[PDB]
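**Student:** Quick note, the sequences are listed as chains F, V and A, same order.
Quick note on PDB author numbering: the first sequence kicks off at 254 and runs consecutively.
Quick note on PDB author numbering: the second sequence kicks off at 2 and runs consecutively.
Quick note on PDB author numbering: the third sequence kicks off at 52 and runs consecutively.
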Amino acid sequence: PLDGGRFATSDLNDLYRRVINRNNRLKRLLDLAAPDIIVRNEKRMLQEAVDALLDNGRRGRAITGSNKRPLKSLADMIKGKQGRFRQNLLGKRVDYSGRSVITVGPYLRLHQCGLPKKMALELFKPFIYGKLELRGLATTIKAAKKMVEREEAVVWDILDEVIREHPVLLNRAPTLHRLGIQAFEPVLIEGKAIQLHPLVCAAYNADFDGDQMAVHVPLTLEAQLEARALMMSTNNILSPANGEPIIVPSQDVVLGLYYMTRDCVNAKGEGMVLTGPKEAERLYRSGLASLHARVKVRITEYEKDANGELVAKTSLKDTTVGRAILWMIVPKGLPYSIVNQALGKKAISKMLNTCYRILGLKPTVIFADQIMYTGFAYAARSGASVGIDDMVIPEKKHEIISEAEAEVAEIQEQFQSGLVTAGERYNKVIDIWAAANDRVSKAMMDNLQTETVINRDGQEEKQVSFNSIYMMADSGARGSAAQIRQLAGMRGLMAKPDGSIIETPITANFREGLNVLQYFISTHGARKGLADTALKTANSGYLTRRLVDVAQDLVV
Amino acid sequence: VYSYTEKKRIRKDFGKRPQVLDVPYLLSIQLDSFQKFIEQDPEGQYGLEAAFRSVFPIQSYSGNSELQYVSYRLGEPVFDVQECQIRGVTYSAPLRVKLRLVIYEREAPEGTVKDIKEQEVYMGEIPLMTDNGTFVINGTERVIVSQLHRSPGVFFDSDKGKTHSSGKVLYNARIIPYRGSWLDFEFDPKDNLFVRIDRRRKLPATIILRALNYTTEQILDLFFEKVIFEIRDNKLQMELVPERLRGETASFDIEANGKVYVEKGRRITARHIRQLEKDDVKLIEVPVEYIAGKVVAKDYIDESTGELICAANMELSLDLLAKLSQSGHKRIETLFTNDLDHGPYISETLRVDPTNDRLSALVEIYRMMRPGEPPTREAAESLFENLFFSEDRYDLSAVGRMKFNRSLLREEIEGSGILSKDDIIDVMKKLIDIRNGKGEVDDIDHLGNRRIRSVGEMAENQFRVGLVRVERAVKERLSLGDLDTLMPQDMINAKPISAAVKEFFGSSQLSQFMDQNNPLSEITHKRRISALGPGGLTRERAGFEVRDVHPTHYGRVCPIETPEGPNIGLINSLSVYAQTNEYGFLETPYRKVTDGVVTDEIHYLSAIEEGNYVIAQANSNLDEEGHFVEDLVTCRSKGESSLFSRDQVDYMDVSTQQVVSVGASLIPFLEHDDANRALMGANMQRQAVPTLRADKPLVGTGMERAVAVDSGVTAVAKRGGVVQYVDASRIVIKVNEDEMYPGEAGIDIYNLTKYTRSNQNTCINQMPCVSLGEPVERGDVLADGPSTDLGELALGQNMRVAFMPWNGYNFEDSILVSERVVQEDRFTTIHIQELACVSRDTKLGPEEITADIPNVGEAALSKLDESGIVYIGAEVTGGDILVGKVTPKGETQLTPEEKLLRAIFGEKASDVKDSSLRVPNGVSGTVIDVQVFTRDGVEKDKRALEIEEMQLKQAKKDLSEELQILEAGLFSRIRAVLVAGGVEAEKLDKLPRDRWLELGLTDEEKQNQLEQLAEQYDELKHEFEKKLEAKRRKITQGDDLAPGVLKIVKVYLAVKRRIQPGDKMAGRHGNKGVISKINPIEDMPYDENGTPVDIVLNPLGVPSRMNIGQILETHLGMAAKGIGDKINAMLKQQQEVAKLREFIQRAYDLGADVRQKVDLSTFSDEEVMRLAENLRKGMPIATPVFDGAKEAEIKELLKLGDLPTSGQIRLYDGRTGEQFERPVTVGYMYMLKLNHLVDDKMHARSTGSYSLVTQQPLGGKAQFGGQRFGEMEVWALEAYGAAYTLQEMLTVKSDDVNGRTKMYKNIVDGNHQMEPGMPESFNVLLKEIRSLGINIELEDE
Amino acid sequence: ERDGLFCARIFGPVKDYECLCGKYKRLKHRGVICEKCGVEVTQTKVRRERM
DNA sequence: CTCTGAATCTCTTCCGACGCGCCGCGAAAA
RNA sequence: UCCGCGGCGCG
Ligand SMILES: [Mg+2]
Ligand SMILES: [Zn+2]
């Protein structure tokens, strides 16, 4: 039905009416015993009409309506992505669902997710009704709907009651791997955005760029048990593609850990011997000794015996006070030697994997949560930030570029003299430019990586530099060597879309100003990469669908 | 010097390169095209007159009647754009066409006319272009994106060897006509040449050659080269050209004139060729073996019996030579072929084609292009000739002819629009050359082979189609009807042309909705250039080759603006300086260079011309007269980068801003960030939302002024003067004494759009920005629009931003925001939605809106008025009623017992149901306007009379001010005339206006002027009277509503939106972000001066994104506000004007050899005071895109403001209080708010409506539908196991009605047990398959 | 219509447990084909079943 | 010199992620 | 009001 008593016609009806018209006309035509030409033409018209009714469009031009649209047949309703099978039978739309944008929840634990209050109310309304009937406050479901709409203060308390242990499945579209759906035990937050634990953001492949995700709630006791047992984020911490752990600290937490464990040769309070990590905490929180001070502290470590008993040992050893602070949160079974290093993402991954392989799941979960908290805290206290002065430009760059300019100039003259061919000259120009790039990159890394420092005796010493970008890239927290190379040194010798190197180097760095022709050359690779990345998803999804549908039968 | 408005707030520049060409009007690409489409033109190369000349005259095929066209006229539109949009109709103009019908006498000549009839026929409607470059088609605002289609012409392209094995390349030649069928020539791996039409089945090529009057032999003479043989005394001789032996091995001796010399077994070296040349060898004698295996060139016939022997193309042999010798042909003609050059390909084609004459080829082509029908001489001939060699079905447009002549290196630049046989032969020749290797393919995506087709051309083509439709209509009319009892308006029919135009402008893929978020969106949408649409290409098949940036795109298409996603590369943008050629190719400006010196003359070059020259770019440095500084200058020769001497350059790049479009040019410090994030930032600027208040960007690029000016968002005074009246709604300007038209009122009025719904449901408002008695120059901005400040574009706000990982709240691009900005409302926005209710003639009475409504509480009714419409200014929540409408139920008969029971229960058993309109779920706000419309003849309620009454008083006061102005002017003229003679000025001023008019000046010429002025008063009186009464008619008249609708009502609901956690928040340079925490003001970090930081960005984004622009901007912003504070403090200190003039003068003078060179000594003290007032907290900075502020100048600016030079300052933690160990970057950043409001996307369904077809829940928030649990999630559950959860999902929460009902009862009861059941969707499938004529059933039932 | 693609005689009632001509309107009439009009009185669900 | 089988060519068919959001608009049928 | 088709963006 439509407005004003009008109607919209389902496509099947038009085809059926056409077939009825033709059939009745043929019946009345045969009744009158007309010559064979008329009946044969009419019956072939009926044949084509029923052909369209069944599988419109398979043979010849499909019959079309006033909207010049190719009309849907019975066959067309089954075949295709829009057909009954793919659209309806699999992927039925479900009740008790919501969707919202995500927000980092730092204060959360590993397994509890923040949920907007309004969404919780709507999703659990059946349970609110049930408990309200249980407490007798609402005599009828009408009353329950009233008070739940009237948001009486008791309703919120009931809502806290019902969600006390009821997990929710949480999905981010599109699911790419079985880690794409996880169950959390919710907590209530104000606002209209789902708070997520930072760690699992890697597993969900989320990036908090205004990306949306959805929530469903199981209903049966059975489904709740599957959620708590199977889908709980505390379990399944190891990816099924490969045994490597999926919950890996990255970005800010890695930065905080690396800044915390790093040493500086001269710092406030260095040299003093301290009884234990407790007093190390006292010293630093009193601001009496900097985080990077190298001191001697007493520590204790434990190890499983042949029977698994944690035999203890203790001694005095050199330690940065920050690493001493770290030793608090370590579980009781870890050996100390692992922490004794400049922690990076690879090291931290090895660390968490270590405590998983040695101690139980609960120690690893607790350890991950505590390392999360501490990493964020001391990264905050770090104040590590990037300034315009950080991308220091090596003075050798002007010299190296000068040398390369001469080398290319003389080579070009040699080509103009007829001594070398165009292709040969092209190749050797590429070679000399590559050599220049290597030289300048090496020089820039050498300048950046080390800083001049003063010792206790005032003598010149050298240490790993504390330049912000260097520590950001070295720690592995959202960076690598290529980007820092492009930041201040040569950008390189990338190619045209055909793959040919343009033979004219991208000279300046991003701190310097890329010239118009330079930048416009630089954009070709960017456009090609963006287009390829955008277009790959279709084929990747298709390949996945085929593979899944081939392998769906097997079961141990 | 500077204008008054620019004097208000002068934006300091840093550009070093001097500017030459001012930025052209941004909207040209639309306006110029429609001008070419709509204005009169006698020559009429392109336009409506061109269409009329291309269709009319139309003559009866064998009669004595003719219909000829004279002229076209466009009538004035019924409504203006404002009236049109408020009414909600098409802003159209009528096409009036002068038409003549002529009838001849029967006697020859045909020109012996005997009767004519002439009149102006109405010819439908055309949507007219608005001054801001948009269409108003259905009350809505719509725009056309121009299409970058493949240019008509001829293209030679290879498959690069993918299709065939061994990488063997197969070449193709393709002809693209502007309208009609295509034509392709292709090479098969067997090196045979084939032709095809409209991608039908392949054919041998020469048949088309045979299709024309071209027998085999003559075709051979055209295509190949000849060789002559003679047989004398059983000795074979042939003529020689030395170049022929290039590439041949000397297997046999070479002898001539008694001289034998050849390197037997070796190649014929060039030395041998030169020796033959110097010997001048004309003929040589060859053995029988050489002529064996050769192919004859022509047929040979013997007269001994009258028989034909060894027809052409037949390969010679001993028997053939004996036969020809004995028969008597002493002269033999063959063709010459080499494997390296002059391939035998045509010979093989002639050996393979089954056809033997013109008829057989025509039969073949008929059999090919139309299967399933019998061949026939006349029909085949007719369809062939009309398909290819007639303007009826085929026309290579003028641009096509130009491209064609250029491709085949002809001399003529113009020619026929229809193909010719010699052209086909030339195409064959060129293709054979390409396959031989003496030619080159052409890049398909080279921008010289793409053409920008604008609005006018598309509308012209559609109108031409409609015209041919009406042409057949009138043809059959004239053919059938009598000749002297009719008149052209009878013959014509407007419906087809009008339908075609309307369908093109409404439903075509290239007529999408015109988005109106911010003026930048306006400009970038109107300047967008797309490759989609008709005749273009589809999204799902565009390969990477089309999408990549070709080197010819320089200065013509910006690499940056192009959208991300599946549309990447296919939707380009037009650069700032580029413009469209006459043929439709892309032009760019350049500066001519001479004697190593560039000069100010400007050339416009197309792509192909640019290919020839060698041009250097703006990074090159110039001095004095513009002489090149560096000896070796980098250029762009022939599409590749290199360096040359000063003497070798041809043209120089017009300006540093050449390569970038508007959207990306608005980004500061573009040359410091990676192209990926720059592209994303330029794209994402377009989604900014106008805030309640606007603030200028501290760091700008200088384009904001131009972008705002050209964009139609702002009101621009058409004539300069001094402002007479200022009000929030209207502005009144008084023009200058030298500006008035002779005999004019001299006063202008503008009405400001106050609060109306945008196209994207945002808010459009305008603010007066001038003071009383303010002088105004022409082109000055008179009313700031949304996202605009004093004529400067202002998308977002300036915020104090510090980079530090302050807590977990910045984990991935997550922005943590101070409550201080929420309290100041810096980011609040306003949204306006609309709701509609429609009245239609239901059975047993139409739907009626009324105050009374059953089953509704009293308070809800009280919100409505007596008419049933909410009062303006009443807040509404979700689900409240706005328009109280009821609808008759029909008969709804009940038995007397049931009716009595209903009466006992109450007022039930009524045949009227509720149909009132309610607020959509979750929506809330306040009502700002109610619009009502009603079919003519239907009564208008008191409310509608009320709105119409306010309308009429507004119109009446407008015209009353108009008449008072005109009375003032006319009586000023009266007083001036009286002063000029018979002066009674004191009495005139004392006496009322009637005495001014009545005075008779003793019948002088001054008295004649007084009488003329009285007549002027009279005529203006009647003019205003008739215009006002016409306005009353149009307001009072009914409405052309949809059929079946008696009356409609529309209500506008306005709501105010604030920053909310989870909302998205933009920063240009691609710094995306979600707001993740609102902190109380006392927790954020602060500086030693106690000022807290508003936004804490995650530093981790910068190193991996290489958005090093943003940090730079931050530092620059830090300097800007610094200066402002001092200026601010220096205003608070209330010190001398002169010393602050000194300070600001130093601030502007700080630039190292910048171009601006402002001199404050020329400013009056009021100007300096006003400037300082604007300069408080400001000091805007303009940095051109690639001629921007070097870091050194930013350091100098920082040191001027006493800020630390490093740009990193110490901070204190709000909650802890000790210093952060390392200094933290603190600065000022321009942050935007994006349309992705978190409170709009958040949604929760639980239980609700179900789709009728499959009982599944609906989809979409607007209909309160649930989410979709797609197949991906099915596999996700499948992997984990959790089979029970999946079953619960599928059976209860989605499909099984019985199961979900039982489950609902269980949950209400507290029992949580599953009740499985057969999904109804599967039953649906079972029935559907059962409809196919297939038995499907369950087993073991 | 009397014999159309939505015929009540063929595909069932237009409303749950209500005859086409309204002769019977009580649940006790379950499974009764109206003599006056000939339409079986049952649930509207059969409009999904009967082909 | 002719007939049959084998192999290629020519035509036809199928199909290229997915989740939303937004926007607009149906009729020679009544 | 719940129907269908086309275009646009987000992730
Ligand atoms: Mg993403
Ligand atoms: Zn009945």
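Ideal placement from N, C-alpha and C gives every residue a C-beta, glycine not left out.
Hey, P498(F) and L605(F) are a contact pair by Cβ (cut 8 Å); roughly how many whole angstroms apart?
**Tutor:** Correct: roughly 6 Å between the Cβ atoms.
**Student:** Give the residues from the region 891-911 of chain V that approach chain A closer than 7 Å (Cβ to any Cβ), ordered along the chain.
**Tutor:** Correct list: empty, as no residue qualifies.
**Student:** Under 8 Å by Cβ, that's how I've got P1062(V) and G444(F) pegged, so tell me the actual separation to the nearest angstrom.
**Tutor:** About 4 Å separates the two Cβ atoms, so the contact holds.
**Student:** Give the straight-line distance between the Cα atoms of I653(F) and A689(F), rounded to the nearest whole angstrom.
**Tutor:** Cα-Cα distance, rounded: 7 Å.
**Student:** Assign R332(V) to one of three DSSP states: helix, strand, or coil.
**Tutor:** Of the three classes helix, strand and coil, the one that applies to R332(V) here is strand, per DSSP.
**Student:** If you run the structure through DSSP and keep just helix, strand and coil, what is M515(V)?
**Tutor:** In this structure, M515(V) counts as coil in the three-state DSSP scheme.
**Student:** Measure from the C-beta of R694(V) to each C-beta in chain A and report whether the shortest distance is under 8 Å.
**Tutor:** No, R694(V) lies away from the interface with chain A (no Cβ there is under 8 Å from its Cβ).
**Student:** Residue ranges of each beta strand (DSSP E) run of no fewer than 3 residues wholly in the region 698-747 of chain V, ordered along the chain?
**Tutor:** As far as the region 698-747 of chain V is concerned, its whole beta strand (DSSP E) runs of at least 3 residues are 722-727, 731-736.
**Student:** Nearest by alpha-carbon distance to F1270(V): which of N320(F), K332(F), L343(F), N277(F) is it?
**Tutor:** The residue with the shortest Cα to Cα distance from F1270(V) is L343(F).
**Student:** On a CA-only basis, which of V645(F), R346(F), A784(F), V501(F) is nearest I722(F)? Give me that one, please.
**Tutor:** Ranking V645(F), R346(F), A784(F), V501(F) by Cα distance to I722(F) puts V645(F) first.
**Student:** Within its chain, find whatever has a CB closer than 6 Å to the CB of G1249(V); leave out the 5 residues flanking it on each side and keep chain order.
**Tutor:** For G1249(V), where only same-chain residues beyond five positions count, the Cβ hits under 6 Å are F1265.
**Student:** Anything in chain A within Cβ reach of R1331(V), meaning under 8 Å, just list it in chain order.
**Tutor:** Residues of chain A passing the Cβ test: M102.
**Student:** Since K1328(V) meets chain A, which of its residues come closer than 9 Å, beta carbon to beta carbon?
**Tutor:** Ordered by position in chain A, the residues that pass the 9 Å Cβ test against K1328(V) are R99, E100, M102.
**Student:** What residues of chain F sit near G1271(V), judged by a beta carbon separation below 7 Å?
**Tutor:** Chain F residues near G1271(V): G344.
**Student:** Check whether the region 922-932 of chain V touches the region 889-897 of chain V, taking contact to mean three or more Cβ pairs, one atom from each stretch, closer than 8 Å.
**Tutor:** As far as the Cβ criterion goes, the region 922-932 of chain V does not touch the region 889-897 of chain V, which means the pair count is below three.
**Student:** Check whether the Cβ atoms of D340(V) and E218(V) sit closer than 8 Å, and answer yes or no.
**Tutor:** Not in contact: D340(V) and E218(V) (Cβ atoms no closer than 8 Å).
**Student:** Per the DSSP calculation, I1096(V) is bridged to which residue(s)?
**Tutor:** In DSSP, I1096(V) forms a bridge with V802(V), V818(V).
**Student:** Nearer than 7 Å: is that true of the beta carbon of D814(V) relative to any heavy atom of ligand 1?
**Tutor:** No, Cβ of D814(V) sits at least 7 Å from all heavy atoms of ligand 1.
**Student:** Give me, in chain order, the residues of the same chain whose beta-carbon lies closer than 6 Å to that of residue 1343(V); leave out the 5 immediate sequence neighbours on both sides.
**Tutor:** Since the first residue shown for chain V is 2 and the last is 1342, residue 1343(V) is missing from the structure and cannot be characterised.
**Student:** Within the chosen definition, does the region 469-488 of chain F reach the region 394-407 of chain F through at least 3 CB pairs nearer than 8 Å?
**Tutor:** In short, these stretches do not touch, since the Cβ pair count stays below three.
**Student:** If you count every other CB in all the chains shown that lies within 10 Å of the CB of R259(F), and 16 or more means buried, which is it?
**Tutor:** Result: exposed.
**Student:** Under a Cβ-count criterion, where at least 16 other Cβ atoms within 10 Å of its own Cβ denotes burial, should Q955(V) be classed as buried or exposed?
**Tutor:** Exposed, because fewer than 16 other Cβ atoms sit within 10 Å of the Cβ of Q955(V).
**Student:** If contacts are defined as beta-carbon pairs under 8 Å, then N1129(V) and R1171(V) qualify, I think. What distance do you get, rounded to the angstrom?
**Tutor:** That belief does not hold up - the Cβ atoms of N1129(V) and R1171(V) are roughly 15 Å apart, past 8 Å.
**Student:** Do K74(A) and ligand 2 come close, with the Cβ less than 7 Å from some heavy atom?
**Tutor:** Checking every heavy atom of ligand 2 against the Cβ of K74(A), one is found closer than 7 Å.
**Student:** At a Cβ threshold of 8 Å, is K781(F) touching chain V?
**Tutor:** It does; some Cβ of chain V falls within 8 Å.
**Student:** Could you check the C-alpha separation between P921(V) and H1116(V) for me, to the nearest Å?
**Tutor:** Between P921(V) and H1116(V), the C-alpha separation is close to 47 Å.
**Student:** Identify every run of the beta strand (DSSP E) within the region 440-495 of chain V, keeping only runs that are complete inside it and at least 3 residues long; order them along the chain.
**Tutor:** Qualifying beta strand (DSSP E) stretches, in chain order: 451-454.
**Student:** Mind checking whether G318(F) and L324(F) have CB atoms under 8 Å apart?
**Tutor:** Their beta carbons are under 8 Å apart, which means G318(F) touches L324(F) by this criterion.
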